[PDB]
Amino acid sequence: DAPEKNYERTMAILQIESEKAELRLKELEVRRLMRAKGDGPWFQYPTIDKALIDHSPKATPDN
Amino acid sequence: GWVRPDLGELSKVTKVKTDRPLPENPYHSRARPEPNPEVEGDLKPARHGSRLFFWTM
Ligand SMILES: CCCCCCCCCCCCCCCCCC(=O)OC[C@H](COP(=O)([O-])OC[C@H](O)COP(=O)([O-])OC[C@H](COC(=O)CCCCCCCCCCCCCCCCC)OC(=O)CCCCCCCCCCCCCCCCC)OC(=O)CCCCCCCCCCCCCCCCC
């Protein structure tokens with residue numbers, strides 16, 4: 001191969017792998033923040049659906 | 001001059017004209033917590049595949 005080809009191919013490889021490494025570091029930080037605060041789409045452990053509540057007038061008024 | 005109600009009448013659901021205001025918060029409920037942000041926008045593919053240690057796809 002030409003030294004141009006190996007050189008520019010190495011630059012392409014280093015850009016792709018540096019991008020993947022920075023994205024993995026961001027992935028770790030995002031997972032840490034979403035487990036800590038619970039405000040993102042991940043770690044959304046389920047609660048009770050409020051569509052199950054009967055909002056009809058019951059038999060006794062104090063409720 | 002009073003007439004006894006027929007069978008089925010005293011169990012009717014009637015309507016009441018009141019002058020008192022409707023309770024805007026009869027449960028004394030506080031402000032609900034604001035929900036989590038939704039998902040939106042177009043779905044682009046994963047950047048450089050799965051990024052699992054060496055798998056390029
Ligand atoms: C016009 C319309 C049509 C268009 C057609 C276009 C195509 C034309 C050609 C048609 C054929 C295409 C073939 C697939 C594309 C090339 C794939 C390839 O070579 O990837 C290189 C891949 C990575 O190299 P690369 O330089 O980064 O990428 C070059 C390309 O860009 C690679 O491209 P990539 O970046 O997209 O690759 C993605 C990713 C690239 O890979 C990675 O990201 C790295 C991780 C790969 C897996 C490593 C696992 C390590 C632990 C387990 C080890 C397994 C056992 C090892 C072998 C034991 C003996 C079989 O691959 C994978 O994740 C797939 C898993 C590995 C399978 C590769 C394909 C095998 C097809 C044939 C199957 C037959 C058996 C093969 C051997 C089975 C074991 C692999 O090489 C390896 O990982 C080395 C392992 C061997 C690769 C298989 C070679 C395929 C040809 C085999 C023929 C001889 C068979 C002999 C008989 C049977 C065996 C005894």
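Numbering of ligands and ligand atoms starts at 1, following listing order. Note: hydrogens, waters and symmetry copies are ignored here, and every other heavy atom, side chains too, is used. Labels below follow one simple rule: chain letters A, B, ... track the order of the sequence lines, proteins then strands, and each chain is numbered from 1.
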Connected via hydrophobic side-chain network under 4.5 Å: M57(B) and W55(B): no
Atom 40 (C) of ligand 1: any protein heavy atom closer than 4.0 Å: yes
Backbone of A21(A) reached by a side-chain donor or acceptor of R51(B) within 3.5 Å: no
Shared hydrophobic cluster for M34(A) and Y45(A) (ILVMFWY, side-chain gaps under 4.5 Å): yes
Under 4.0 Å to a heavy atom of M57(B) - the qualifying atoms of ligand 1, by number: 36 (O), 38 (C)
Atom 36 (O) of ligand 1 protein-contacted, heavy-atom criterion under 4.0 angstrom: yes
Sub-4.0 Å protein heavy atom near atom 27 (O) of ligand 1: no
Flag: protein heavy atom within less than 4.0 Å of atom 71 (C) of ligand 1: no
Protein heavy atom under 4.0 Å of atom 43 (O) of ligand 1: yes
Shared hydrophobic cluster, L23(A) / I16(A) (ILVMFWY, side-chain heavy atoms < 4.5 Å): no
N/O donor-acceptor pair under 3.5 Å between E29(A) side chain and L25(A) backbone: no
Main-chain N/O of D6(B) paired to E9(B) side chain as donor or acceptor, under 3.5 Å: yes
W55(B): numbered ligand 1 atoms lying under 4.0 Å from its heavy atoms: 43 (O), 45 (C), 47 (C), 63 (O)
Nearest non-hydrogen protein atom, atom 48 (C) of ligand 1: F54(B) CE1, 4.2 Å
Residues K20(A), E17(A): salt bridge by 4.0 Å N-O rule: yes
Within-cutoff protein neighbour (heavy atom, under 4.0 Å) for atom 33 (O) of ligand 1: no
